[PDB]
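Below you'll find only one chain, the form deposited in one PDB entry, shown as structure tokens.
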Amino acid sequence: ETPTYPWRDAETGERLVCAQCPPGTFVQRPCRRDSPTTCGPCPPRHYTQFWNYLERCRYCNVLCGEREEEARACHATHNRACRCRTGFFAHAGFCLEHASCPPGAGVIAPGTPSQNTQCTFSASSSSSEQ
């Protein structure tokens, strides 16, 4: 029940069924008559998430930037993923700032990396006071 793919041999040409490579690995060398598939590990900054017949690993193209922090790094199976830093939230792609709330009707729901701030007395206009 190990995943597979067909392949044709280099020396004269013979048709065979080569085993796929597990997540974390890539196809280093295909099958010969005697040996099956050679699976080598994904190099630094490169990943394979699935069972594959990839000649070389996928590059970790996701790079967190100014206002982004990591969620997963780039390992042999993960691709790097990003999320917004403490005082930021994601809107429409870009990662924008959390909204402050003045005195009056202060913060009822704090800013998550996912949503903006929702909002007796409040002394200050921050994104904290209740």
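Just count from 1 along the sequence shown to find any residue number. Think of the rigid core as the biggest set of C-alphas that the two forms share within 1.5 Å after superposition.
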Unmodelled deposited residues between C119 and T120: none, 1 to 3, 4 to 9, or 10 or more?
-> 4 to 9
Of 7-15 and 106-114, the stretch with the higher mean C-alpha B-factor in the deposited entry is 7-15
Mean C-alpha B factor from the entry: is it higher for 30-38 or for 78-86?
-> 30-38
Residue with maximal Cα B-factor (values as given in the PDB entry) among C60, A99, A92, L54 = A92
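Below, we turn to the form deposited in another entry, even though it does not appear here.
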Using the core for the fit, does the CA position of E97 change by 2 Å or more between this form and the one not shown?
-> yes
